[PDB]
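Here's the structure we're looking at; comments come further down.
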Amino acid sequence: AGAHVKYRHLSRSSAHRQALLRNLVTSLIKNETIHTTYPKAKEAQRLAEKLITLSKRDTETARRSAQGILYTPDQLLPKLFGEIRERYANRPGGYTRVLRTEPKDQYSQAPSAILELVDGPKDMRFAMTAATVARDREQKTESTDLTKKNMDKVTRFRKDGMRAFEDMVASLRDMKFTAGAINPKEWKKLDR
Amino acid sequence: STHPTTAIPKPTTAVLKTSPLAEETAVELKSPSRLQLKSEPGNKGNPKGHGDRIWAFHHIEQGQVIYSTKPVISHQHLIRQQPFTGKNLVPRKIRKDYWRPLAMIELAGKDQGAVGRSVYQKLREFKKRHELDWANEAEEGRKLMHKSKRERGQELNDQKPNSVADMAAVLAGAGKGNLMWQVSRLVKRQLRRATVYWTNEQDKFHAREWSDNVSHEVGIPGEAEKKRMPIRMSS
Amino acid sequence: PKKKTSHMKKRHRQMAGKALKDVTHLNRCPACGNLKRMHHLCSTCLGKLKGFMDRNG
Amino acid sequence: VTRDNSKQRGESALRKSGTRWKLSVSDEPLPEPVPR
Amino acid sequence: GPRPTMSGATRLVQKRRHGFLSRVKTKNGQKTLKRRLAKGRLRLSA
Amino acid sequence: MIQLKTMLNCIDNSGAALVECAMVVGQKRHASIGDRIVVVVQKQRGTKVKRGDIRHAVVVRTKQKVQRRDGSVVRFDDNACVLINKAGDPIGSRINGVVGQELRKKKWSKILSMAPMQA
RNA sequence: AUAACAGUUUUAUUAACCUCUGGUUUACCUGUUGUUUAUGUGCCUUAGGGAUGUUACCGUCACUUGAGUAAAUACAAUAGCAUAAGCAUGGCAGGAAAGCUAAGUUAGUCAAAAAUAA
RNA sequence: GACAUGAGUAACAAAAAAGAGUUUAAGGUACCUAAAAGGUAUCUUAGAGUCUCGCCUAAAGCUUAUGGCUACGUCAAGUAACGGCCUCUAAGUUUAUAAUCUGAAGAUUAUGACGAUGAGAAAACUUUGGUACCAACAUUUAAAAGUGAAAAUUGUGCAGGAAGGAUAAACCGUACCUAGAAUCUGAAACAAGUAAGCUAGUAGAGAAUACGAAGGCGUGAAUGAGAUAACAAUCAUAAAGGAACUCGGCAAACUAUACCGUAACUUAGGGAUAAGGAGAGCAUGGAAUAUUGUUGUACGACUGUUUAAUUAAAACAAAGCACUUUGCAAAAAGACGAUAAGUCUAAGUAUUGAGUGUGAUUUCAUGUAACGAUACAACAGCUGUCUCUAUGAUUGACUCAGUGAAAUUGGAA
RNA sequence: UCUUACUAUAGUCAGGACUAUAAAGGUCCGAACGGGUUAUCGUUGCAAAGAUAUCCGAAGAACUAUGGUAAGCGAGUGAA
Ligand SMILES: [K+]
Ligand SMILES: [K+]
Ligand SMILES: [Mg+2]
Ligand SMILES: [Mg+2]
Ligand SMILES: [Mg+2]
Ligand SMILES: [Mg+2]
Ligand SMILES: [Mg+2]
Ligand SMILES: [Mg+2]
Ligand SMILES: [Mg+2]
Ligand SMILES: [Mg+2]
Ligand SMILES: [Mg+2]
Ligand SMILES: [Mg+2]
Ligand SMILES: [Mg+2]
Ligand SMILES: [Mg+2]
Ligand SMILES: [Mg+2]
Ligand SMILES: [Mg+2]
Ligand SMILES: [Mg+2]
Ligand SMILES: [Mg+2]
Ligand SMILES: [Mg+2]
Ligand SMILES: [Mg+2]
Ligand SMILES: [Mg+2]
Ligand SMILES: [Mg+2]
Ligand SMILES: [Mg+2]
Ligand SMILES: [Mg+2]
Ligand SMILES: [Mg+2]
Ligand SMILES: [Mg+2]
Ligand SMILES: [Mg+2]
Ligand SMILES: [Mg+2]
Ligand SMILES: [Mg+2]
Ligand SMILES: [Mg+2]
Ligand SMILES: [Mg+2]
Ligand SMILES: [Mg+2]
Ligand SMILES: [Mg+2]
Ligand SMILES: [Mg+2]
Ligand SMILES: [Mg+2]
Ligand SMILES: [Mg+2]
Ligand SMILES: [Mg+2]
Ligand SMILES: [Mg+2]
Ligand SMILES: [Mg+2]
Ligand SMILES: [Mg+2]
Ligand SMILES: [Mg+2]
Ligand SMILES: [Mg+2]
Ligand SMILES: [Mg+2]
Ligand SMILES: [Mg+2]
Ligand SMILES: [Mg+2]
Ligand SMILES: [Mg+2]
Ligand SMILES: [Mg+2]
Ligand SMILES: [Mg+2]
Ligand SMILES: [Mg+2]
Ligand SMILES: [Mg+2]
Ligand SMILES: [Zn+2]
Numbered sequence: 002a003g004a005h006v007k008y009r010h011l012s013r014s015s016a017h018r019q020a021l022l023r024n025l026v027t028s029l030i031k032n033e034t035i036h037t038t039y040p041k042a043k044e045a046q047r048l049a050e051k052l053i054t055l056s057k058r059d060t061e062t063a064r065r066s067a068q069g070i071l072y073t074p075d076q077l078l079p080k081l082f083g084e085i086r087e088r089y090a091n092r093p094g095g096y097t098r099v100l101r102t103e104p105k106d107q108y109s110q111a112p113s114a115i116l117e118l119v120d121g122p123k124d125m126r127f128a129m130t131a132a133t134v135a136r137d138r139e140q141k142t143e144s145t146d147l148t149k150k151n152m153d154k155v156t157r158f159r160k161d162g163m164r165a166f167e168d169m170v171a172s173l174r175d176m177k178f179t180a181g182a183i184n185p186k187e188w189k190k191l192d193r
Numbered sequence: 033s034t035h036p037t038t039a040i041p042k043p044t045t046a047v048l049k050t051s052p053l054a055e056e057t058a059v060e061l062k063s064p065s066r067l068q069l070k071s072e073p074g075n076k077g078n079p080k081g082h083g084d085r086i087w088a089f090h091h092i093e094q095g096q097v098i099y100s101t102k103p104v105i106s107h108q109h110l111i112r113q114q115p116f117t118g119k120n121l122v123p124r125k126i127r128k129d130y131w132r133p134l135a136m137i138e139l140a141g142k143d144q145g146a147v148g149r150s151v152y153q154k155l156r157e158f159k160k161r162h163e164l165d166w167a168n169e170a171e172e173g174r175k176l177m178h179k180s181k182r183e184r185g186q187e188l189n190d191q192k193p194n195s196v197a198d199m200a201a202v203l204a205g206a207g208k209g210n211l212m213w214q215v216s217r218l243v244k245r246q247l248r249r250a251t252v253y254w255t256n257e258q259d260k261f262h263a264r265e266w267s268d269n270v271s272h273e274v275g276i277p278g279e280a281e282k283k284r285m286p287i288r289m290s291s
Numbered sequence: 066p067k068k069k070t071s072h073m074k075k076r077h078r079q080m081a082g083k084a085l086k087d088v089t090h091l092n093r094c095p096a097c098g099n100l101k102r103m104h105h106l107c108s109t110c111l112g113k114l115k116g117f118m119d120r121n122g
Numbered sequence: 053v054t055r056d057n058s059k060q061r062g063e064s065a066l067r068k069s070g071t072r073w074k075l076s077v078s079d080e081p082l083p084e085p086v087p088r
Numbered sequence: 095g096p097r098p099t100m101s102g103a104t105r106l107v108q109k110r111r112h113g114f115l116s117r118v119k120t121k122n123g124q125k126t127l128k129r130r131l132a133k134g135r136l137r138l139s140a
Numbered sequence: 001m002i003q004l005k006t007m008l009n010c011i012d013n014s015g016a017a018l019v020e021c022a023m024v025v026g027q028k029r030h031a032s033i034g035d036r037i038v039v040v041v042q043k044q045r046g059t060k061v062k063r064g065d066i067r068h069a070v071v072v073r074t075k076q077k078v079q080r081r082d083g084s085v086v087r088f089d090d091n092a093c094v095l096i097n098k099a100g101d102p103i104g105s106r107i108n109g110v111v112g113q114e115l116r117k118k119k120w121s122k123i124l125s126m127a128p129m130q131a
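Chain order of the listed sequences is L, d, W, T, Y and I.
What the first sequence shows, in PDB author numbering, is residues 2 to 193, in sequence order.
What the second sequence shows, in PDB author numbering, is residues 33 to 218, 243 to 291, in sequence order.
What the third sequence shows, in PDB author numbering, is residues 66 to 122, in sequence order.
What the fourth sequence shows, in PDB author numbering, is residues 53 to 88, in sequence order.
What the fifth sequence shows, in PDB author numbering, is residues 95 to 140, in sequence order.
What the sixth sequence shows, in PDB author numbering, is residues 1 to 46, 59 to 131, in sequence order.
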């Protein structure tokens, strides 16, 4: 009867919902990635992109508001205004990437996702795009336009850029990571 | 607020290497204290005889240790020396059929009780740092952090092997402000003589090495009268 | 209930429009070629790449 | 009164909290015994 | 309805009321024993 | 917004100090500034009106905010009124206070001829 | 004939709508009480001494404090202070846009015809 | 007895609460690899732990009882730091003996035995009756100070406060569980119930209220993830009005320190905290204290008791008062005894006991002070009771995954 | 072993206020504890008598623990 919801309530109390979002944003910085449900990964994505925006401000108020979101500031603030601030210095927003994944809990079959920091040590799209390039080179195939489009996304703002991407490809081929990969030319002849 | 230490090599004041982590030995971390550079420290403000001897009692089944200045422990010692290590793991009282004298330390100076009151302090400060701040056993040795909270509380109670290693350390000058050191400062220093009485000869082998100022004797005064015979290795 | 529901009127309620829908939004995975849901990450390559970034780095 | 009357504040053995204050034996490596 | 009439019950009052010695030692208790004994009861009391 | 059981102030020299509204005359909506009502005298001031006399009154002041056609919104600190007879002729002869400006458009020249102040 | 200015109903009901007037505001800003946690900082004196704090002992039937007796120390210190958060109805208090809303605004009834009754 | 229907529906909602990593064992899959193996990843089952968040906290913590369909390596001469067994006895029990009464069964009295919820030498080594007593209350006392016990000292009030004995180490208990997270009682894994000690600190008069150190927990998938309609429950706020609601102010809201001054009435104690004057920014700020107030009637003096689990009251009781009865010489009257001996009355004696009605006092049924979760009326305030509802919050309702009822049903297009 | 009365042996009642007392009161406010006034929910309930709030007593005719006695032709106990 009243207004629509401004955001997801996630079937929690007010205080319980503010702590759930501060914990996902704390694990995101500490671990560079988290595997949770999709509605949780989409609600923390807005709070993690606003916390990295405070890390790009030179005022003290931003340094005090960053302390009021994390749960171990003494141990995580140096990383926020250090490595992370330098990483996202030149990026105009969009510092997080939420990727849908198969259920993390098979009991409830609740749709899950992966919230990660772009251009990070655990960027799952930078590695999945490196595995595609690794297979293509190792099977004499031609990369698709979507692979070329993802290859530039994961190397435009990254510090090393292409050099760090070619090293990942080299490490995935010397390990034989693409062994047993179904060639893209035999996908139309497969049923199972 | 508490501050836990890390299992990192450090320098020792003792003459021996108490633990493999010890880097150096007999290092002066602070100028000698008032009573350290004193040939005859005295029983200034304590009863006659106090400090001449120190006893150690242990739970023969679980391994919990208690240090006492008198020949008998009371309900105070069990409360002020045994921290909470889990439900059903802190006894509610002292059961005479379980607690036995582990060892007894007697100093050469028959009236310098101030040296024993210092040895007693380092033993009680080392035991608190064994039940708490056990970072050297979290991932090595007993691996207390790889155990359940139930099994972790049982190993934290088994302070008998640790207590015998605190004796070889304290009686070798470990600690800062230990009065077992004797500095002449004419500047040569040495350790005061001591004697440890053991109810079990095999119990003195928990310390990897004992100092050269401690003499080991079997049998504690008053234990034979109780029809308790000492355990000898040679037999 | 006034009467017992017959085999006909109970079979209408149970199966008329309640047939399980076949999932048709399936695509292959670029890195390995295994079947996955559309717009979703491969579950066998996620774990393998997720574990490959934990050993060496 | 400036003293803290809760002597063992934030002090636990199961969780390896560490000593509340700095002792005279806190700068030395814990003596490791020979196991049973 | 039924009440929790056995809350706080002790097993000392169970032996004093329905025990074996409360029955062999009384004229009316010897009948209960013989009846339960003639029926085949294993639990003659308590 | 004046309803039944509402207590208002009498700002005319009629001898009434505190009246209670008993009926909104001619309408179902609650009386606002310039509306006719029937009140019951509850107090007096030390042919006056005795306590308990039922008379008609006009609302001149309302604590409820009133929006004019130009977007001006007026609010007073209390509800007041002036006692009138069923004819529409002020029982009193002089008003002591400020009345709302909505009496001008509702043809209350008689109340406005007693030189009341306006807001 | 122009130009400028001024004046041109009420009640009820139905629906829509938030420009206005208010109400609400549970992840907004500000102020603030009690208490806890983390981080930083933190007394005097000439690295030493002292104040506060710490550990052990002494002592009591037992517990706490003080003296006394030893030692360490802001290096991992006391009280205090700074920042931040938690809990106490969203802790409370003052405001508050959007959305929803009436008591608010606007509109129909309040344009019109045919065939009929007495 | 089996199998249907409701129905794959209700339910798994104590207003604590979860989040992201890590790891062990056994087993299922996919790839690697085709020498089996091993390796990488993943899932199932059964566990464990780390970091963060929150909840209880004079507990939902610890130590122990009653108890136990939880599990069997739980270890003592005694004290410090232990109970039972054992000795002694109370209320009582007695198919013990003696006497006595008695249709049988049995009952009475005395003695004996038995019977804890009580009393029991020593130990940090040990084996008469106030010259009183160990009920309640109060006071004092292990000498640096404070606090809590223990025991004793002194005292106070009346309601006048046990019994008896003394004074070289056997046998039995010892595990776990204490009810918010797997154990007791409630038919059960039940939002109920159950005994004792301890139960950080801050702040307080306090065991109030608030926070919470340690600890425990945030259930055995007996669930989890979404979404945030109607409606329901539990709440928050609210323009103007302020009981217009309603059988009825039901519910909700208001009500707010060692201070100056206090009435009628009164059993002279009270009424009485009467009333009336007052304690940097919007606020000296949260929680609790904290509740409508005042006045006047009816009934009952008062505090109490009552239909466990629909009636808490005007009913019962009550102190006070009145009346009848009881002289104790063998049985005082009264009550009890298939029915007696005999027991209570009572180790009492007409100011004793029993029975009956009344229900303090005042006036002799009636009028006041005081008191009431009694009934009723008025007055003031207060508020969503209402004009007239709106919005916000949580939990259900709704959808997905897991588990899976019931009343009901002659047969049904 | 519920419950009513009695009985023996024991325990418990934070703090404050008033009153003639240090202690003499079926005194006062209010926790523990004991009650169950009003409303709401619940009614195949968490519960075959519960939850929430509110309310009453809380040094007494009080409450609680472990035993004991008294019940079914007659009626045990009963502030009824
Ligand atoms: K007979
Ligand atoms: K009271
Ligand atoms: Mg839910
Ligand atoms: Mg809150
Ligand atoms: Mg035990
Ligand atoms: Mg019954
Ligand atoms: Mg009972
Ligand atoms: Mg007009
Ligand atoms: Mg609007
Ligand atoms: Mg707008
Ligand atoms: Mg904020
Ligand atoms: Mg907290
Ligand atoms: Mg709390
Ligand atoms: Mg506000
Ligand atoms: Mg608005
Ligand atoms: Mg028109
Ligand atoms: Mg016509
Ligand atoms: Mg249905
Ligand atoms: Mg339904
Ligand atoms: Mg459901
Ligand atoms: Mg496997
Ligand atoms: Mg409390
Ligand atoms: Mg059971
Ligand atoms: Mg024994
Ligand atoms: Mg006997
Ligand atoms: Mg006993
Ligand atoms: Mg329960
Ligand atoms: Mg409970
Ligand atoms: Mg049960
Ligand atoms: Mg527990
Ligand atoms: Mg959980
Ligand atoms: Mg209002
Ligand atoms: Mg208002
Ligand atoms: Mg009406
Ligand atoms: Mg009315
Ligand atoms: Mg009410
Ligand atoms: Mg009465
Ligand atoms: Mg009843
Ligand atoms: Mg009732
Ligand atoms: Mg009379
Ligand atoms: Mg007679
Ligand atoms: Mg009468
Ligand atoms: Mg009468
Ligand atoms: Mg009463
Ligand atoms: Mg389902
Ligand atoms: Mg009973
Ligand atoms: Mg009283
Ligand atoms: Mg009272
Ligand atoms: Mg009752
Ligand atoms: Mg219902
Ligand atoms: Zn793949």
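C-beta: ideal position from N, C-alpha, C; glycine also.
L110 of chain d to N121 of chain W, Cα distance in whole Å?
51 angstroms
Mark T38 of chain d as exposed unless 16 or more other C-beta atoms lie within 10 angstroms of its C-beta, in which case mark it buried.
exposed
What three-state label does DSSP hand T37 of chain L in the structure shown?
Looking at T37 of chain L - three-state DSSP - the assignment turns out to be strand.
Express the C-alpha separation of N13 of chain I and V24 of chain I in angstroms, rounding to a whole number.
23 angstroms
Please return the same chain residues whose Cβ sits closer than 8 angstroms to the Cβ of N184 of chain L, not counting the five positions on each side in sequence.
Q140, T142
Closer than 6 angstroms to a non-hydrogen atom of ligand 7 - does that hold for the CB of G102 of chain Y?
yes
Is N120 of chain d helix, strand or coil by DSSP?
coil
How would you call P83 of chain T, buried or exposed, if buried means at least 16 neighbouring beta carbons within 10 angstroms?
Classification for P83 of chain T: buried.
Distance, Cα to Cα, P93 of chain L vs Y8 of chain L?
24 angstroms
Looking at chain T, which residues of the stretch 183 to 198 of chain d have a Cβ within less than 7 angstroms of any of its Cβ atoms?
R184, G185, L188, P193, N194, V196, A197, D198
May I ask you to check if the CB of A16 of chain L is nearer than 6 angstroms to at least one heavy atom of ligand 4?
yes
Cβ of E139 of chain L less than 7 angstroms from any chain W Cβ?
no
Relative to the C-alpha of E50 of chain L, which residue among L:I70, L:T37, L:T62 is closest?
L:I70
Is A69 of chain I helix, strand or coil when you go by DSSP?
strand
Along the chain, where does the beta strand (DSSP E) containing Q19 of chain L start, and where does it finish?
No beta strand (DSSP E) contains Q19 of chain L, which is instead part of the alpha helix (DSSP H) from 15 to 32.
I need the straight-line Cα distance from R55 of chain T to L75 of chain T, nearest angstrom please.
In a straight line, the C-alpha of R55 of chain T is about 17 angstroms away from that of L75 of chain T.
Hey, does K123 of chain L have any beta-carbon neighbour from chain W nearer than 7 angstroms?
yes
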